[PDB]
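Chemist: Here it is, the structure in full.
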Amino acid sequence: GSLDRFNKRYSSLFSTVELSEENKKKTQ
Amino acid sequence: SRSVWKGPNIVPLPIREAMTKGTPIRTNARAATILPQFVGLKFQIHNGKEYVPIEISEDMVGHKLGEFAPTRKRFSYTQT
Amino acid sequence: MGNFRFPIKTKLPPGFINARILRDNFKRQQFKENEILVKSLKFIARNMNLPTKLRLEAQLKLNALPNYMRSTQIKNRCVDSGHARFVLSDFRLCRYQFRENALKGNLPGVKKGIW
Amino acid sequence: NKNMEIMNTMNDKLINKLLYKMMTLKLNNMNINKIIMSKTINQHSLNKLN
Amino acid sequence: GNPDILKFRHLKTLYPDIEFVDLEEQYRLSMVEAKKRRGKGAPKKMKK
Amino acid sequence: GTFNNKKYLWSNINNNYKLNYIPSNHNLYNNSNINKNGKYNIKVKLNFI
RNA sequence: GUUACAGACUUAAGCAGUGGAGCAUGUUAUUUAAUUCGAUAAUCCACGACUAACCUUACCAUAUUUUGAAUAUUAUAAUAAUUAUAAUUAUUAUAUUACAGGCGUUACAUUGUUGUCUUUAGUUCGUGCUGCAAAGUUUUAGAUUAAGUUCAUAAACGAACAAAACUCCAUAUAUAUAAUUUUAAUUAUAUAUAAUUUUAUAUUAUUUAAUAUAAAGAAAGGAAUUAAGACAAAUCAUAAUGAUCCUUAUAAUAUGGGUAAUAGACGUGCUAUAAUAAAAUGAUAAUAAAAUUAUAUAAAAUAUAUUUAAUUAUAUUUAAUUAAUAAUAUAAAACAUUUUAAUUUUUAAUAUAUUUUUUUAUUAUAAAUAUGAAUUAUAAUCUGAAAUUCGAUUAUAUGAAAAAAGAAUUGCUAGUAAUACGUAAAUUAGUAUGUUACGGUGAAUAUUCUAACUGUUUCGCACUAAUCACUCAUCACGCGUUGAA
Ligand SMILES: [Mg+2]
Ligand SMILES: [Mg+2]
Ligand SMILES: [Mg+2]
Ligand SMILES: [Mg+2]
Ligand SMILES: [Mg+2]
Ligand SMILES: [Mg+2]
Ligand SMILES: [Mg+2]
Ligand SMILES: [Mg+2]
Ligand SMILES: [Mg+2]
Ligand SMILES: [Mg+2]
Ligand SMILES: [Mg+2]
Ligand SMILES: [Mg+2]
Ligand SMILES: [Mg+2]
Ligand SMILES: [Mg+2]
Ligand SMILES: [Mg+2]
Ligand SMILES: [Mg+2]
Ligand SMILES: [Mg+2]
Ligand SMILES: [Mg+2]
Ligand SMILES: [Mg+2]
Ligand SMILES: [Mg+2]
Ligand SMILES: [Mg+2]
Ligand SMILES: [Mg+2]
Ligand SMILES: [Mg+2]
Ligand SMILES: [Mg+2]
Ligand SMILES: [Mg+2]
Ligand SMILES: [Mg+2]
Ligand SMILES: [Mg+2]
Ligand SMILES: [Mg+2]
Ligand SMILES: [Mg+2]
Ligand SMILES: [Mg+2]
Ligand SMILES: [Mg+2]
Ligand SMILES: [Mg+2]
Ligand SMILES: [Mg+2]
């Protein structure tokens, strides 16, 4: 349950909108 | 950012295009935390020399990408 | 590009020039230029009170900043020579070079440590 | 402020080199009289350098 | 340091009357000339 | 000549050391010009009673 | 592998260690795309490097720069400062060659510097004199000192560099200064004076020199300085320069990786293996010194870990001070109470009593711990933009080896060693088991025998790149010459 753990201890931030923010496809 | 507050270590990637169409993401980051938003995306993480193909684990969610691309070769001794 | 090593046209430091020195100096200048901005970005990132999207954007921006904006990248070189080991801050000089200068009398108040 | 003192002594050292450079003259590519100079000594009073 | 410091170039600007000699530069030029003479000069740089 | 000073040897005046390693009366220096053959230098050392 | 003295941390005592264990760090080897380069007998191995995440870095993979960091030459054009809409200059731009650049190769081309012989006592100068001369004398009959330093004697007399001395630290005294809130006057700091101590009585050996005794004194150390020569000792990776090689690459920039790889081996350290020794505690806060704080030092106090609170660690937020004024920082061992398995050398149930934080009686209490802290799991925190390779804390678990260590071997004669005594800074954004420094407490021992290695000398010497010297014969390889037959 690594994903579950991640969700638990990054819960206040609430981590889609986040994906859109952090996904510039110029550099690859 | 290790500490739970201010986490995670986020990097810019070509994520959305990979999600749309299976084009592997050639990362030279090695210090980007894996996220739930990319499990089942193909990454090609740098090893110093050669980029290493990995389909990001469902369990890898907590870890860094560089943790799955082992830089040094496995040591041996020439018994002469 | 061709006409300069780094993006911005910076001056050469006076006296002893070296490739490593040149590299360091430029980096220091860029840090000086973009010090306040970096600080502001850092503040925006490390904020529990602010909107999370904004803090994420700030973090991304910080990540995308170049090699020459980084304070941590700066390394104290010797000024007389271009060495970067045992560099004393009170006279920006390398160990041997400092000693050489000290014995000559270049230093303002330095002399043999006799006790 | 020791930073300022360091900057001053650097300046002084740079001026010494400049002075050394100046010291050698030429006369229409006929005679090159090389005036020898000592190492400079810089006296930093509150008012003035000498 | 202070990048604007007096150089040998300027010592011609400030005092044109005095025909100064930069010794290290002159030496370098003499070395270059010697290299040219004995077939050890720098190869001509590629442009492309 | 000589590099010892006899004013300090039998009197109230004492010798003192410049940068705590050069007897005051001494003054040492060198200057290294480059030759055709390579680098060389010329130490000078005077005493001044 | 010599004669006889003299020498000292040389040996001998003595104290503590190394060598066994685990970890740290350097080195080797091997590995690797790269594990950058150098140091590698004494005179390398926490060395260059007073901090390898990126940088630093020099190495590697992939990208991309090509007059580039300079100086000068020759041209077009643009902007700004100054003058009374023009001009003079300064710069910038685009080019243009010579080149620039090179941690590439050679410290067996060099510089400077350093190591070892070496704080060892040697090294020379005139000049004079002896010998045909190389050379010798000086530089030693005789002694002595730490000593070519000092007496004498001497064909010698001086000298310079060394030695000593002047120097610095520390000490004692005096004077000056400090409105005794920057106070520590029990101090700090300038200037002196002071000793390489003096005097006298005796007892041994020859006027003096060692021992002893006495009276006069604060009078007792450490540091720097390490000559000539040598080792073709170390450094071209502090830096510079000769020669040589590279010039779309051996020059330049970015992203990541490496320098942290691990069979065996080798040094240095650190922590240990428990009771002449470890742990809890100790607020009218037992007692220091030295040094740092405008690229900062961070006090008090609140919050969480943690029901009290203290401790320790973070966070919150900056009071004070850029400093004899505030902070880093209530020094720590010490000393005192408590506890401590191995240990039925203790505990707890009864009685017991003029050992009561205890005694006696009778019952039950049956080779790594309540030593050590390697290794690992999870959670947090710190620095930084970034902690995966690869950093530092804290918590909850985990609890290897190790039972004072073989041949051998290291340091140290006094405020020295020792110390489970702590403190500071340099290098950092961040990390010391390292380095450089400070105080605290504070000993044990002692010279006669032998190896070595420096200076002295005797004898020897076929050695002179000086014993890693020189050097003898067979056998083996080729090319001659002359015998025997
Ligand atoms: Mg011994
Ligand atoms: Mg061993
Ligand atoms: Mg061991
Ligand atoms: Mg080299
Ligand atoms: Mg190496
Ligand atoms: Mg290179
Ligand atoms: Mg060149
Ligand atoms: Mg160089
Ligand atoms: Mg050599
Ligand atoms: Mg040398
Ligand atoms: Mg004769
Ligand atoms: Mg002699
Ligand atoms: Mg002689
Ligand atoms: Mg001396
Ligand atoms: Mg007072
Ligand atoms: Mg010598
Ligand atoms: Mg050699
Ligand atoms: Mg070498
Ligand atoms: Mg060179
Ligand atoms: Mg290259
Ligand atoms: Mg890089
Ligand atoms: Mg290393
Ligand atoms: Mg060492
Ligand atoms: Mg114990
Ligand atoms: Mg506090
Ligand atoms: Mg204070
Ligand atoms: Mg206390
Ligand atoms: Mg065991
Ligand atoms: Mg324990
Ligand atoms: Mg302990
Ligand atoms: Mg740094
Ligand atoms: Mg001590
Ligand atoms: Mg002798």
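Bear in mind these aren't lab numbers, they're just calculated from the coordinates by the rules spelled out. Here the Cβ positions follow ideal geometry from the backbone for every residue, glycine too, while neighbour counts run over all protein chains shown.
Chemist: Tally the residues that are within 23 Å of A:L19 (Cβ to Cβ) and part of a helix (DSSP H, G or I), restricting the search to the range C:48-76.
Modeler: Keep residues of the range C:48-76 that are within 23 Å of A:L19 (Cβ to Cβ), which gives C:48, C:50-65.
With the extra rule that they be part of a helix (DSSP H, G or I), the set shrinks to C:52-64.
So the answer is 13.
Chemist: Being under 24 Å from the mean Cα position of the chain (by Cα), facing another protein chain (nearest Cβ under 8 Å), part of a loop (DSSP other than H, G, I, E, B) and of a type in the set (A, V, I, L, M, F, W, C), is that true of even one residue in the range C:77-86?
Modeler: yes
Chemist: So, one more: Can you report the number of residues in chain D which are under 23 Å from E:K12 (Cβ atoms) and in contact with a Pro (Cβ under 7 Å, 6 or more places away or on another chain)?
Modeler: 1
Chemist: Hey, could you check chain A for residues that are of a type in the set (S, T, N, Q) and surrounded by 13 or more Cβ atoms within 10 Å (Cβ to Cβ) and say which is farthest from C:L60 (Cα to Cα)?
Modeler: Quick first cut of chain A, residues of a type in the set (S, T, N, Q) only: A:2, A:7, A:11-12, A:15-16, A:20, A:23, A:27-28.
Applying the additional criterion that residues be surrounded by 13 or more Cβ atoms within 10 Å (Cβ to Cβ) yields A:2, A:7, A:15, A:23, A:28.
Working: A:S2: 25, A:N7: 21, A:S15: 14, A:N23: 10, A:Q28: 16 Å.
Across chain A, the extreme among qualifying residues is A:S2.
Chemist: Could we say that D:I15 is touching a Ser or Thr at 6+ places or on another chain (Cβ under 9 Å) and either facing chain E (nearest Cβ under 10 Å) or part of a loop (DSSP other than H, G, I, E, B) (or both) here? I'd like the intermediate steps shown before the answer.
Modeler: Details: touching a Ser or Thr at 6+ places or on another chain (Cβ under 9 Å): yes; either facing chain E (nearest Cβ under 10 Å) or part of a loop (DSSP other than H, G, I, E, B) (or both): yes.
It is true that D:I15 is touching a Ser or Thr at 6+ places or on another chain (Cβ under 9 Å) and either facing chain E (nearest Cβ under 10 Å) or part of a loop (DSSP other than H, G, I, E, B) (or both).
Table: residues versus (1) within 26 Å of E:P3 (Cβ to Cβ); (2) within 7 Å of RNA strand G (Cβ to nearest atom); (3) more than 14 Å from chain E (Cβ to nearest Cβ).
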| position | (1), (2), (3) |
| --- | --- |
| C:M1 | yes, yes, yes |
| C:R5 | yes, yes, yes |
| C:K9 | yes, yes, no |
| C:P14 | yes, no, no |
| C:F26 | yes, no, no |
| C:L41 | no, no, yes |
| C:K53 | no, no, yes |
| C:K61 | no, no, yes |
| C:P108 | yes, no, yes |
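Chemist: Let me ask you something else. From the list E:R28, E:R9, which one is surrounded by fewer than 10 Cβ atoms within 10 Å (Cβ to Cβ), within 25 Å of C:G82 (Cα to Cα) and either within 8 Å of RNA strand G (Cβ to nearest atom) or not basic (K, R) (or both)?
Modeler: On the way: E:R28 fails: surrounded by fewer than 10 Cβ atoms within 10 Å (Cβ to Cβ).
So the residue among E:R28, E:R9 that is surrounded by fewer than 10 Cβ atoms within 10 Å (Cβ to Cβ), within 25 Å of C:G82 (Cα to Cα) and either within 8 Å of RNA strand G (Cβ to nearest atom) or not basic (K, R) (or both) is E:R9.
Chemist: Anything in the range C:56-115 that is under 29 Å from C:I44 (Cα atoms), touching a helix residue (DSSP H, G or I) at 6+ places or on another chain (Cβ under 8 Å) and within 16 Å of ligand 31 (Cβ to nearest atom)? List them, or say none.
Modeler: Once the filter is applied, which keeps residues that are under 29 Å from C:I44 (Cα atoms), touching a helix residue (DSSP H, G or I) at 6+ places or on another chain (Cβ under 8 Å) and within 16 Å of ligand 31 (Cβ to nearest atom), the range C:56-115 yields C:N67, C:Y68, C:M69, C:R70, C:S71, C:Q73, C:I74, C:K75.
Chemist: If you don't mind, there's one more thing I want to ask. Just name the residue that is nearest to the chain's Cα centre (by Cα) out of those in the range F:26-49 that are more than 9 Å from RNA strand G (Cβ to nearest atom), more than 14 Å from chain C (Cβ to nearest Cβ) and not in a strand (DSSP E or B).
Modeler: Filtering the range F:26-49 for residues that are more than 9 Å from RNA strand G (Cβ to nearest atom), more than 14 Å from chain C (Cβ to nearest Cβ) and not in a strand (DSSP E or B), the one nearest to the chain's Cα centre (by Cα) comes out as F:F48.
Chemist: Looking at the structure I just gave you, is B:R30 more than 11 Å from chain A (Cβ to nearest Cβ), on the phi > 0 side of the Ramachandran plot, of a type outside the set (S, T, Y) and part of a loop (DSSP other than H, G, I, E, B)?
Modeler: Details: more than 11 Å from chain A (Cβ to nearest Cβ): yes; on the phi > 0 side of the Ramachandran plot: yes; of a type outside the set (S, T, Y): yes; part of a loop (DSSP other than H, G, I, E, B): yes.
The answer is yes for B:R30.
Chemist: Suppose we filter the range E:1-26 for residues that are polar (S, T, N, Q), over 15 Å from the mean Cα position of the chain (by Cα) and more than 9 Å from chain C (Cβ to nearest Cβ); how many remain? Please lay out each step first, then the result.
Modeler: From the range E:1-26, those polar (S, T, N, Q) are E:2, E:13, E:26; that's our starting set.
With over 15 Å from the mean Cα position of the chain (by Cα) added as a condition, the list becomes E:2, E:13.
Right, trim to more than 9 Å from chain C (Cβ to nearest Cβ) and you get E:13.
Count: 1.
Chemist: Among all residue pairs at least 6 apart or on different chains, which show Cβ distances below 6 Å where the first residue, located in the range A:4-22, is within 15 Å of B:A32 (Cα to Cα) and the second is of a type in the set (A, V, I, L, M) and surrounded by 10 or more Cβ atoms within 10 Å (Cβ to Cβ)?
Modeler: A:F6/B:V61; A:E22/B:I10
Chemist: Going through the range C:87-106 one residue at a time, which ones are among the basic types (K, R) and within 14 Å of chain F (Cβ to nearest Cβ)?
Modeler: Result: C:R99, C:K104.
Chemist: Continuing with the same structure: Restricting to the range B:42-64, give me the number of residues that are of a type outside the set (V, I, T) and either in contact with a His (Cβ under 9 Å, 6 or more places away or on another chain) or within 11 Å of chain A (Cβ to nearest Cβ) (or both). Full working, then the answer.
Modeler: Restricting attention to the range B:42-64, the residues satisfying the condition of being of a type outside the set (V, I, T) are B:42-44, B:46-51, B:53, B:55, B:57-60, B:62-64.
Now restrict to residues that are either in contact with a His (Cβ under 9 Å, 6 or more places away or on another chain) or within 11 Å of chain A (Cβ to nearest Cβ) (or both): B:44, B:57-60, B:62-63.
So the count comes out to 7.
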